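**Student:** Show me how the following folds:
(7 chains)
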Amino acid sequence: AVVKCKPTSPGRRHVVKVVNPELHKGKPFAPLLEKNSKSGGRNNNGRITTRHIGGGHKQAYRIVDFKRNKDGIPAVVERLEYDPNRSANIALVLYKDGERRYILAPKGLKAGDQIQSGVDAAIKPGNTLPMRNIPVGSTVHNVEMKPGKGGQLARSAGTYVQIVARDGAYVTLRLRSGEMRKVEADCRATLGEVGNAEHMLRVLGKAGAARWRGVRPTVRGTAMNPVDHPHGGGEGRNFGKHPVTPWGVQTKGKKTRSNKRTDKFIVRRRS
Amino acid sequence: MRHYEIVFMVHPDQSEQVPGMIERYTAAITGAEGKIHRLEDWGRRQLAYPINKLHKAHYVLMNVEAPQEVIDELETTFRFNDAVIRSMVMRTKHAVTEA
Amino acid sequence: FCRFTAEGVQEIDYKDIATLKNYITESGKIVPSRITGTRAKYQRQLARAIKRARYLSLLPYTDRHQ
Amino acid sequence: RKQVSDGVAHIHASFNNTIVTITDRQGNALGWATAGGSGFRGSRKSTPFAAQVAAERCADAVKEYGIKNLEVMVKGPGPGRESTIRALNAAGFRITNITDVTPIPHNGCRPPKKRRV
Amino acid sequence: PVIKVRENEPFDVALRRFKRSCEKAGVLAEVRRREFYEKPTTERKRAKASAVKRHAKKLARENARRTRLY
Amino acid sequence: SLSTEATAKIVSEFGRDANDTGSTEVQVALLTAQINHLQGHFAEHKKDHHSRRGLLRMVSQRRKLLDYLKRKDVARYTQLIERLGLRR
RNA sequence: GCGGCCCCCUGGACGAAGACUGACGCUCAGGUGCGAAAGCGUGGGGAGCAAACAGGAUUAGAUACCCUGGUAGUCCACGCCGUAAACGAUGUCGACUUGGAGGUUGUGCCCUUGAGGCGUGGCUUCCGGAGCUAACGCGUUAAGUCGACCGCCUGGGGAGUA
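**Tutor:** Numbering: from 1, shown residues only, chains lettered A, B, ... in the order given. Please see the structure below:
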């Protein structure tokens, strides 16, 4: 769980780290792995598009099955891996017919638990269903936005979508942002909340932790020159200006939802 | 081995779908150990307040001596079977006889 | 006097719909033991039963509600 | 001038006004007359005679709707109900049944604090 | 609550019947308790001092009124 | 709450015979059985404080019966402390 | 301190007849544990109410009461605080000393002969007898007559402050 590190040195003075015994001490399952090169924020023209990205550890991509395309066949959970790509611990589930696949581990999940997908299975935590067999007032995760797309919403550690309503073909979800939305009822969704719920309680202690996380330093606006950033210059920390991004658009308040062909699904905007 | 009055209600229309459920409710209990001790169908009758916008729900009484755990699983069916509308399981002293 | 110590029942049971229509007022409120003279343990079991039957839609909560 | 010959009367009375709304059976209001509209401002707003003049104007406001018989609902405490139901048949009407439908909470929420003075 | 006026009934007796239903079911009393909040100290004080009022009127009624005045 | 049949088994596992139910090893055996069941309870709920007072009371009465038996008959006391499985 | 209903887990007390151990008891410095509300910490929630705050009044003045708004907070989980008019302002255990009315929860006998009367328990409320007390009052739940052990007080203010 959440433990505080004894302050022998400053980098160990402020660290609060999340130890967990259930994670499999061992090398991961190999055929579900593939290589995953880090980008540094650089597109095919080589330029930085997103700043503050690069460095850190080298890490390998665990192919995780979000689709749950296997149906009607039971499966049991072998062990729990720690995935570097995401915030939730993943589970290596083993089916009865002989297949091993990585899934997103929910909150209530231990090794040996039983999981079945399909339109049939049950309402236990772990089971994939359409959103026509999951009751109103429920609590789901790994929600599809398109039927067969794979699973988009509620995928971070500890997030959960409360199914609010059903008007005919449509299911009104209350998302985790506070946005309300209509989704298609035939889309798949897994029950429960995603695990690793204490992920928000780590505080990283020192600069090197965010550095080997994969994050570069972030330089303020008032430090830079008036060529580099619009909050440039001054004789000792003048600001005087409405806050903007480096590309002119005024930050800190301006709304830029600019989609206009998906507003039919939004019941309520975030408040 | 405790004795529970399970009183639940169903929709008005689905009184065709009530009886065999009781039979698998029979298979709920006597499959493991459970002795069903009463079965008094009060049937469809009139409601003092329209729960889910309908009067006249189908009252079914059923008394049982049973282990507790199959009754826990019976409530996991009573939550999620979308025919049963209101369902309480009270504990009693003995298994009783008359209406 | 009372009707339950004059009866001899070991628990007022909620299924007894005629006398549990008798013991509330018209306005669906539980009429006290001060003015009906019901003894105390049977009063508490009667109030417990009227609550359990109000949950079971065999008695109204109040009269006016839809 | 839509003819609806029967109807319901809501009489909302707090301690500071008396609003009388004559509605149809389905809840669509037909026009009202408060105690405070027809003159009667300040301390003369909460008198029972204010309820009398409110129901007086409210009965004559709906002559085009042809209300011949009505059902009195009343809501709230204070100098409302008695004087207005007395005036509502001096106006000329056939009040077929009367009800008090005041809203009571079942120990739900917290009311505001006590006025010291 | 509700009352019903049936046919061949005076209206003034129906108005008094409605006032009696209001006195019986308890509009006015519980509304007068539920304007402003009472701390549970004060409702405890109310009920206890009411009990003292009931017995301190009652025992003076039963045993101090059994002997005549003049 | 340590039903009667378990009490019957343990009193016919610690007593002189069937019916002697007030002897000291019997009382300490009932308290140890009840304590172990309730420690099965108190690993969960963590804060049931009135049941915690009942537990601390039967702990203290076990302690009183044990050092009474240690004062009177040490020979039975060592057999009890080796038979029932406790530290002191 | 605990307030709709239901289940799951659980402490304690009381009553009946007995059966069993045989003084295992009482009190407790230090120690430990529980301890309303307010308050603090991190994370969620946030309807109503509402410190702070703003505005309108009243007033000589009104940063108060009254009115219209309203953020912490109230709520849940996990940790902290350790205080109150934490109040029957009454330590705990045990014993003895006439009464009447009541409440709650049992149980025994006689006839359930009929909503019964007849006796023994537990907890609890009111008035009063002897006795005590500065008086007020307490009065079998004593502030009566006693015994054991603990805590505490020594004029008011300084001050439960340094």
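
**Student:** show me the contacts for residue 13.
**Tutor:** Let's take chain A. By CB atoms under 8 Å, 6 or more residues apart in numbering or on different chains, the contact list for residue A:13 reads A:5, A:7, A:205. No exception for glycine: its C-beta is placed from N, CA and C like everyone else's.

**Student:** please go with chain D instead
**Tutor:** Residue D:13 touches D:19, D:51, D:74-81, D:84, counting by CB under 8 Å, 6+ apart.

**Student:** So which of those reach chain A?
**Tutor:** On the criterion CB under 8 Å from any CB of the partner chain, none of the entries of the contacts of residue D:13 sits beside chain A.

**Student:** Buried among those? Need that as a selection in ChimeraX.
**Tutor:** Buried residues among these (16 or more other CB atoms under 10 Å in any protein chain shown), as a ChimeraX selection:
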select /D:19,51,74,75,76,78,79,80,81,84
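
**Student:** Among the contacts of residue D:13, which one lies nearest to chain A?
**Tutor:** Among those, residue D:75 lies closest to chain A (CB to the nearest CB), at 31.4 Å.

**Student:** If that closest one is in a bridge, with which residues?
**Tutor:** Note on residue D:75: beta-bridge partners residue D:12, judged by DSSP bridges.

**Student:** taking the contacts of residue D:13 one by one, which sit in strands?
**Tutor:** D:19, D:74-75 (DSSP state E).

**Student:** which of those residues lies closest to residue A:108?
**Tutor:** Distance to residue A:108 across these (CB to CB) is lowest for residue D:75, with 48.8 Å.

**Student:** can you tell me which residues contact the closest one?
**Tutor:** D:10-13, D:100-103.

**Student:** does chain E sit close to the lengthiest helix in chain D?
**Tutor:** Criterion DSSP state H: the longest helix present in chain D is helix D:48-60. No. If you take CB under 8 Å from any CB as the test, helix D:48-60 misses chain E, and the best it gets is 13.5 Å.

**Student:** what's the neighbour count on residue 48?
**Tutor:** You didn't say which chain, so I picked chain A. By the criterion of other CB atoms under 10 Å in any protein chain shown, residue A:48 has 12 neighbours.

**Student:** Oops, wrong one, chain D.
**Tutor:** With other CB under 10 Å as criterion, residue D:48 counts 18.

**Student:** ok, now how distant is it from residue B:59?
**Tutor:** Remark: distance between residue D:48 and residue B:59 (CB to CB, to the nearest Å) = 48 Å.

**Student:** Please apply the same query to residue D:117.
**Tutor:** Residue D:117 is 56 Å from residue B:59, by CB to CB.

**Student:** the more surrounded of those two?
**Tutor:** Between residue D:117 and residue B:59, counted using other CB under 10 Å, the more crowded position is residue B:59 (19 against 2).

**Student:** pretty sure the more buried one contacts residue B:7?
**Tutor:** Yes. Under the criterion of CB atoms under 8 Å, residue B:59 makes contact with residue B:7 at 7.1 Å.

**Student:** hang on, the earlier thing: buried among the contacts of residue D:75? Make that a PyMOL selection.
**Tutor:** Command for PyMOL that selects the buried part of the contacts of residue D:75, burial taken from 16+ other CB under 10 Å:
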select buried, chain D and resi 10+11+12+13+100+101+102
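
**Student:** ok, the contacts of residue D:75 vs chain A, which is closest?
**Tutor:** residue D:103 (26.9 Å).

**Student:** And the residue nearest to residue E:32 when sequence neighbours are not counted, how far from residue D:87?
**Tutor:** The shortest distance from residue E:32 to any non-neighbouring residue, by CB to CB, 6 or more residues apart in numbering or on different chains, is to residue D:77 (7.4 Å). Using CB to CB, residue D:77 is found at 19 Å from residue D:87.

**Student:** Could I get the contacting residues of residue C:65?
**Tutor:** Per CB under 8 Å, 6+ apart, neighbours of residue C:65: residue B:49.

**Student:** Name the residue closest to the centre of chain E, please.
**Tutor:** residue E:29 (7.4 Å; CA atoms, centre = their mean).

**Student:** helix/strand/coil for that one?
**Tutor:** helix (DSSP: H, G, I helix; E, B strand; the rest coil).

**Student:** And residue B:15, by the same measure?
**Tutor:** When classified by three-state DSSP, residue B:15 comes out as helix.

**Student:** show me what contacts it?
**Tutor:** With contacts defined as CB under 8 Å, 6+ apart, the neighbours of residue B:15 are B:43-44, B:58.

**Student:** Out of those residues, which is nearest to residue A:261?
**Tutor:** For these, the nearest to residue A:261 is residue B:58 (47.4 Å; CB to CB).

**Student:** Can you report how many residues lie near that closest one?
**Tutor:** 22.

**Student:** For chain B, which residue gets nearest to chain E?
**Tutor:** Closest point on chain B to chain E, by CB to the nearest CB, is residue B:48, at 14.8 Å.

**Student:** Excluding chain neighbours, what is closest to that residue?
**Tutor:** residue C:60 (4.2 Å).

**Student:** Specify the local secondary structure of the one you found.
**Tutor:** Per three-state DSSP, residue C:60 ends up coil.

**Student:** Which of the contacts of residue A:13 are buried, as a ChimeraX select command?
**Tutor:** Selection command for ChimeraX covering only the buried members of those, criterion 16+ other CB under 10 Å:
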select /A:205
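
**Student:** How about the contacts made by residue F:85?
**Tutor:** residue F:32 are the contacts of residue F:85 under CB under 8 Å, 6+ apart.

**Student:** quick one: the strands in chain C?
**Tutor:** For chain C, strands defined by DSSP E do not occur.

**Student:** Closest residue of it to chain D?
**Tutor:** Counting by CB to the nearest CB, chain C gets nearest to chain D through residue C:64 (5.2 Å).

**Student:** Contact residues of chain C facing chain D?
**Tutor:** C:62, C:64.

**Student:** What residue in chain C comes nearest to chain B?
**Tutor:** Chain B sits closest to residue C:60 of chain C, with a gap of 4.2 Å, by CB to the nearest CB.

**Student:** ok and the residue in chain E nearest chain D?
**Tutor:** Closest point on chain E to chain D, by CB to the nearest CB, is residue E:2, at 4.0 Å.

**Student:** What count of nearby residues applies to that residue?
**Tutor:** Residue E:2: 17 neighbours (other CB under 10 Å).

**Student:** Spit out the contact partners of it.
**Tutor:** C:63-64, D:97-100, E:21.

**Student:** what about 6 Å?
**Tutor:** If you count contacts by CB atoms under 6 Å, 6 or more residues apart in numbering or on different chains, residue E:2 has them with residue D:99.

**Student:** can you list contacts of stretch A:195-206?
**Tutor:** A:2, A:11, A:14-18, A:87-89, A:105-107, A:157-158, A:210.

**Student:** Mind giving me the PyMOL select for those, buried ones only?
**Tutor:** PyMOL command restricting those to the buried ones, with burial defined by 16+ other CB under 10 Å:
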select buried, chain A and resi 15+88+89+105+106+107+157+158+210
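
**Student:** mind listing the strands for chain D?
**Tutor:** D:6-13, D:18-23, D:29-34, D:69-75, D:95-100.
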